Ligand SMILES: Clc1ccc(CO[C@@H](Cn2ccnc2)c2ccc(Cl)cc2Cl)cc1
Ligand SMILES: Clc1ccc(CO[C@@H](Cn2ccnc2)c2ccc(Cl)cc2Cl)cc1
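Residue numbers (the deposited numbering), protein chains in the order written: chain C, 29 to 355, 376 to 637; chain D, 29 to 355, 376 to 637.
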């Protein structure tokens, strides 16, 4: 409802026009402005629908002569907030900081000011239908514009740093949502120099938000990479540099696991934003995960695939015997016939026993089953789990059949094995493009192919009913006619033909008209097919391939036993360095 | 095991931290550094796990004030090598040459030095898990950094040139592995000016390595082409230049054959490195091999192809008669029936008689059967040789049949003729792309097409077994069902259909679901097919085409008789120039 906000904006700009006693500061009046304030007691009594006063329009643009003489009439006129609903609690300076007019700040500070007044306006929250998000306190509004010395001023009158908004946002992590670099790189250093000077206890960069998240990792998953670059020079310590060779060490007390089950490895694959895929760019991450996948990833990722592919060939093989009397069992083959599914019942309970907790860890299917990188393949994993139970609902009431839902389930079940097809030296990006464009361009012609075939079917059905179903027998009745022309569009079976004394009149030219559409429309599927790989997604299938490896190793580390996983790097102990657990990669120029 | 090297590196950097009596040179201490050396006899006794002493950290970066006063305490402290296993035998200056600090070399040379101490460190050999390879002697370490005058210094104290390492590497050919050009172009001249001054006898550029190879050809097959450019100006001699026309002569006493069976023509097609294909770039090679292929190559490359294509049509034709009694031979047709394979037995012994010596010339199949440019086609040449022998194992025990291995062999045998399909005016790069991408992208869908068809087959088999095999008869049993759906995916034969009183329920919608996968997945093979030729290998199929010609002429020259091959160029004799055998190409500006 942006037009609901647009209801109240133009009310003020001619309400100041209506009453002729207050708007003269907006249009730089001097001589008549010095007349109206002394003859009447009408200085403070002018309030708009917002709660508007004479200083906010004087700081709309800088009215230097307007804010000069009104302190003689009312010096307390600045310290009143606004009262309307979209601008609840917002005062005089709150517009006079984003103007970056340093000649304006000498007046209203020494003549009565209060920096602790926060700005709780309704147009100030983070929202998709609101453009800017600049924070709560005017220190944050000074930090957003990127001015170096006016932010010098308000600190020198007892400014607080640790104050947040109603949704827990401090002064620091509002920089990483804003895309500019050239002012956020320099302002970060001298503002972090003005700490408590007892910095490790009640740390200002370790205090969580209202969600409870350490504000450095917001920059990690929203991926403004220059902060991820710039904080790594505070942790750097050189060891030896010899010519074009140098050494470096890697501190990863935050890049770890068991951090109260809120590590960023859980959450870098959780974002739905497109820039966030390339956070694997710099050396603290990429050579770490490349060692973690080479040392423990590949020699364990294949053995469960082996024990799965021999699981399902056994369940496939044992189900080629189950119809036995459809056209009470004690024989010799009945023992292996029994254990063939007595294995798969305790093998089929585990596929829900391991796949319900990651469902209620997320909380909803709307944040589980949409990710391309996490994998939409779970929709067949969940329906493989129910068939076995259903297979058992038949043997309490003894209904006939119940191998036809098995027929409809076993193919999809067998198709499930290709989710571990990504872990090889190859074959990864081949299965990514198909899942990328089933949703993309297979959807198009499936809404146009069903709508074109049934008119063909009705035109074919209305003609051959004047003759017998014995001479041709292909187009008999309504259900098989649409099926016959639907599969006849795909040039699978040859068109029907007979040569006798009976011959239909209309069928030939409409068959040619069907062929003149089947010779180009099925091939116009191929051009919408082809237009994606050439320029559209040619770069997409490799970065997703190098992101599924960190996805599957973070998903696999949090389920397997501790015995199979130590943490990488070096020990650090026997050396008086503390519990910091460094790491080396070697760089060359 | 790079982490095994990483076990011992950080031990030193805080062991110097632990003992407070030796590390003060590393952190530029002056006043307290002058105290600890006189009160104790503790100057030489500090040794680390490497064998570390006080001068190596003083030459880590340049500690000018540290290496000033320790010669008053121990001037012999520089001439001790290291003792640990990864740094066996490496002394003080060995780090003080790669710093290129010319103010440092005035101290430790005149106060006791020895340039003959080689550096036998374990991190100094050529290895894939080690980054740099800079040589053995500090002359080579001076040559690698590319400094012009500090290499002036150590020559002036009796430096040797002809010394090598344990694997035979002199000072010269360590330049061609390093990719830089702008310092290797100028340093090569004045260092070659400092020869023995009796240069042709015991020549420094003709001394072989430990493998026994003349070090100029390392630059040929590793292909740093600027050395191949720069040495050709020492052999140049102008004759006449008239306007935009000039003449030049070509000395090829090294570009020849019979050079103790170790010519570079054998070995330019042997490398597995990608830059090495474009060594056909400059005029001593390209116009030479273009004359060798035009004069003798094409009028001889076709006649053996003719005598091969009439060989195998005769062997094909004679084998359409051999089953004679499967549903002792003296007739009139038995004479030509006998000689039809009496020709091919002595024609089939030669295909192994000529193709075992190039096997044990290489030594293993791992360096024979992998080359794309040499040709992986030998795998059918080796299996054509065994069928004939097998055909003869039947006629000692008289077993029934043995025309079915002939059936399985004759097609592949007939497919062998296209290895000489490269020698024409055309048709070369057409057969290169297919062999390039059988290994490339035919491998992908062959691991996904077999895994998808058998679930379809089991779903088709589980339904039709409730009915008779008489009404349809297509899906009868397990072995033919997978075969039937495997060839039915390829839209070769039409799908089965019948119209009677019996009609299956589940088959129609799963047939439509098979068709909705067969209409896009077989075409998603074509996009992985298409993505290679457009930008991926469009440049590859012509340079390989102009490299197979030098491959086949060097392979053909070393097998055919001398009568059919003289060497190209001009004679040189009747003229007092010596046995040098020049060549002319003409150049235009
Ligand atoms: Cl009735 C019927 C059921 C399933 C399929 C084909 O399987 C679908 C599964 N699927 C998708 C949406 N609803 C089920 C599939 C999905 C993803 C990939 Cl990568 C590959 C495949 Cl084969 C065809 C007909
Ligand atoms: Cl059982 C069977 C045997 C052979 C073929 C086809 O021949 C293969 C030979 N080949 C390759 C790997 N093992 C044998 C071939 C290889 C290279 C090229 Cl350029 C062209 C071809 Cl046709 C098909 C089935």
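Don't be surprised by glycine CBs; every beta carbon is placed ideally from N, CA and C.
Whole-angstrom C-beta distance between residue j and residue i, which should lie under 8 Å
i: residue 421(D); j: residue 587(D); result: In fact, because the Cβ distance is near 15 Å, the residues do not count as touching under 8 Å.
i: residue 128(C); j: residue 173(C); result: 6 Å
i: residue 329(C); j: residue 423(C); result: Their Cβ separation, rounded to whole angstroms, is 15 Å, which puts residue 329(C) and residue 423(C) out of contact at 8 Å.
i: residue 106(D); j: residue 140(D); result: 6 Å
i: residue 529(D); j: residue 537(D); result: About 13 Å separates the two Cβ atoms, so there is no contact after all.
i: residue 183(C); j: residue 222(C); result: 7 Å
i: residue 308(D); j: residue 598(D); result: 7 Å
i: residue 504(D); j: residue 562(D); result: 6 Å
Own chain residues within Cβ distance below 7 Å of residue i, not counting five before or after
i: residue 464(C); result: 428, 429 and 432
i: residue 294(C); result: 602
i: residue 80(D); result: 40
i: residue 389(C); result: 346
i: residue 477(C); result: 589, 590 and 593
i: residue 407(C); result: 416
Pick from the options that is closest to residue i, judged by C-alpha positions
i: residue 278(C); options: 619(C), 624(C) and 133(C); result: 619(C)
i: residue 114(D); options: 94(D), 32(D), 208(D) and 377(D); result: 32(D)
i: residue 256(D); options: 69(D), 306(D), 105(D) and 100(D); result: 306(D)
i: residue 290(D); options: 75(D), 239(D) and 275(D); result: 239(D)
i: residue 267(C); options: 570(D), 546(D) and 44(D); result: 44(D)
i: residue 454(D); options: 440(D), 547(D) and 444(D); result: 440(D)
i: residue 570(D); options: 396(D), 497(D), 263(D) and 506(D); result: 497(D)
i: residue 479(D); options: 232(D), 301(D), 592(D) and 623(D); result: 592(D)
i: residue 548(C); options: 519(C), 525(C), 527(C) and 468(C); result: 519(C)
i: residue 176(C); options: 142(C), 211(C) and 445(C); result: 211(C)
i: residue 558(C); options: 227(C), 392(C) and 507(C); result: 507(C)
i: residue 104(D); options: 138(D), 126(D) and 323(D); result: 138(D)
i: residue 186(D); options: 213(D), 144(D) and 589(D); result: 144(D)
i: residue 303(D); options: 284(D), 249(D), 282(D) and 314(D); result: 249(D)
i: residue 612(C); options: 227(C), 323(C) and 246(C); result: 323(C)
i: residue 399(D); options: 412(D), 434(D) and 577(D); result: 434(D)
Nonlocal neighbours in the same chain, by C-beta distance under 6 Å from residue i, ignoring five residues either side
i: residue 148(C); result: 116 and 117
i: residue 629(D); result: 617 and 620
i: residue 243(D); result: 200 and 201
i: residue 461(D); result: 432
i: residue 203(D); result: 212
Sequence-distant residues of its chain with Cβ nearer than 8 Å to residue i (five each side left out)
i: residue 192(C); result: 164, 198, 237 and 238
i: residue 151(D); result: 33, 114, 115 and 158
i: residue 351(C); result: 451
i: residue 89(C); result: 127
(message) Under 8 Å, CB to CB, which of the residues in the segment 522 to 541 of chain C have a partner in chain D?
(response) Under the 8 Å Cβ criterion, the segment 522 to 541 of chain C contributes 522, 524, 531, 534, 535, 538, 539, 540 and 541.
(request) Select from the segment 547 to 559 of chain D all residues with a C-beta closer than 8 Å to any C-beta belonging to chain C, and list them in chain order. (result) Sequence-ordered contacts of the segment 547 to 559 of chain D with chain C read 547, 553, 554, 556, 558 and 559 [C-beta pairs closer than 8 Å].
(request) Would you list, in chain order, the members of the segment 273 to 301 of chain C that have their beta-carbon closer than 9 Å to a beta-carbon of chain D? (result) Per Cβ criterion, the list reads 273, 275 and 277.
(message) At a CB distance below 8 Å, what residues from the segment 494 to 513 of chain D approach chain C? Give them in sequence order.
(response) Within the segment 494 to 513 of chain D, the qualifying residues are 495, 496, 499, 500, 502, 503, 504, 506, 507, 509, 510, 511 and 513.
(request) Give the residues from the segment 589 to 608 of chain C that approach chain D closer than 8 Å (Cβ to any Cβ), ordered along the chain. (result) Listed by position, the residues of the segment 589 to 608 of chain C near chain D (Cβ gap below 8 Å) amount to none.
(request) For the segment 142 to 161 of chain D, enumerate the residues whose C-beta is nearer than 9 Å to any C-beta of chain C, in chain order. (result) Answer set for the segment 142 to 161 of chain D: 159 and 160.
(request) Closer than 5 Å is what we want: which residues have a beta carbon that near any heavy atom of ligand 1? List them in chain order. (result) Any residue whose Cβ sits closer than 5 Å to a heavy atom of ligand 1 makes the list: 483(C) and 561(D).
(request) Note down, in chain order, all residues in the segment 170 to 196 of chain D with a beta-carbon under 8 Å from any beta-carbon belonging to chain C. (result) Within the segment 170 to 196 of chain D, the residues whose Cβ lies closer than 8 Å to any Cβ of chain C are, in chain order, 173.
(message) Please identify, using Cβ separations under 7 Å, the residues of the segment 430 to 444 of chain C that lie next to chain D, in order along the chain.
(response) Residues passing the 7 Å Cβ filter: none.
(message) Taking beta-carbon pairs under 9 Å, can you tell me which members of the segment 562 to 580 of chain C lie near chain D?
(response) Within the segment 562 to 580 of chain C, the qualifying residues are 570, 573, 574, 577, 578 and 580.
(request) Give, in chain order, every residue of the segment 116 to 128 of chain D whose Cβ lies closer than 7 Å to some Cβ of chain C. (result) Within the segment 116 to 128 of chain D, 123 and 126 place their CB atoms closer than 7 Å to a CB of chain C, listed in sequence order.
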